[PDB]
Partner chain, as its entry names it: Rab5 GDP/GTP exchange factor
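The chain below stands alone and is given in structure tokens; this is the form solved without its partner chain.
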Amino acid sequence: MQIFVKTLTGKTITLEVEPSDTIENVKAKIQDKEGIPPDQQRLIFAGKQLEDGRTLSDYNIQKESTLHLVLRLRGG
């Protein structure tokens, strides 16, 4: 499945994740795609904290989704 992500720069990234994949995984691809650790940034959806807890499906994160990037860890 394909989705999109946002950010303080208001952009979009076409990823290839699955609706049955755990946030982590999905949060792993990107971190890999670009090459950045998620320990610096996290994904958001519906205004809730996206965690490895469940998967996109459990999060209702279907295809052609849009996550909201946070302003990195503390310090803003």
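Residue numbers count along the first chain shown, from 1.
Omitted here: the form solved in complex with its partner chain. The next part is about that form.
Query - 4.5 Å heavy atom contact, residue 60 to its partner chain in the deposited complex - result: Yes - in the deposited complex, heavy atoms of residue 60 and its partner chain come within 4.5 Å of each other.
Query - is_contact(residue 25, its partner chain) in the deposited complex, heavy atom dist at most 4.5 Å - result: So residue 25 does not count as contacting its partner chain.
Query raised in the report: Going by heavy atoms, what in 15-33 lies within 4.5 angstroms of its partner chain in the deposited complex?
Result: Contacting residue: only 20.
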